[PDB]
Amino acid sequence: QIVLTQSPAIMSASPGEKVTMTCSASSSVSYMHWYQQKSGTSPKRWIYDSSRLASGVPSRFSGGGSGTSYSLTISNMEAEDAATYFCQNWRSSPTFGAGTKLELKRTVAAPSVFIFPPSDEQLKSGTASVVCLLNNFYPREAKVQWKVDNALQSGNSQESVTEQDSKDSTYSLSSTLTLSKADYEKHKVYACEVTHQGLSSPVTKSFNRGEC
């Protein structure tokens, strides 16, 4: 088999930065195709026959290479270029590369924090859901802690994060604490505490069960 190996599997660039990924075959190959993918949508074909830019692609993009090493190159990274890019050649097996997740690095943004108490309609069905929004922040990593009255909560919440926004390039996080009607109404204060590089001081958000 000819095996395609992509490097670097994950990488980051600031605006204006020249970036150069690489797809390497374990043998010789005469051409290399590249496809761009952003989360949850069909991969767009991006660069074909090693160097030829597919319709609609910005010219700041360029591809090239020969034989044993082909590459993809952006003369100056831009927000909308942050995506996963797969190299691909038909004589190769597996046919596709494992891709390179190109991320855009930028000035730090502190998250806005919002908390949501369980909705009335939900309660009258069995369980409870207290949602915490860390919104529009850079970079990805943030700590979130749930504080039910005194206590801190463990093994009863779950997180999920968006991909890099195309506009500003920020992330956004959501935590769901799940605890039954019983244990919801067995307590008073509900808090959400947030840590971040942009956050000089933690942020807390809270509410009491029956209060306004």
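Start at 1 and count along the sequence shown; that's the residue number.
- If you average the C-alpha B-factors over 33-41 and over 57-65, the higher value belongs to 57-65.
- The PDB entry records a higher mean C-alpha B factor for 142-150 than for its counterpart among 142-150 and 159-167.
- Among 189, 21, 13, 9, the highest C-alpha B-factor in the deposited entry belongs to 189.
- Of the residues listed, 97, 117, 111, 126, the entry assigns the biggest Cα temperature factor to 126.
- When all modelled residues of the chain are sorted by CA temperature factor, residue 76 is found within the highest third.
- The PDB entry assigns residue 172 a C-alpha temperature factor belonging to the lowest third of its chain's modelled residues.
- Sorting the modelled residues of the chain by their CA temperature factor places residue 89 in the highest third.
- Residue 5 sits in the lowest third of its chain by CA B factor, as recorded in the PDB entry.
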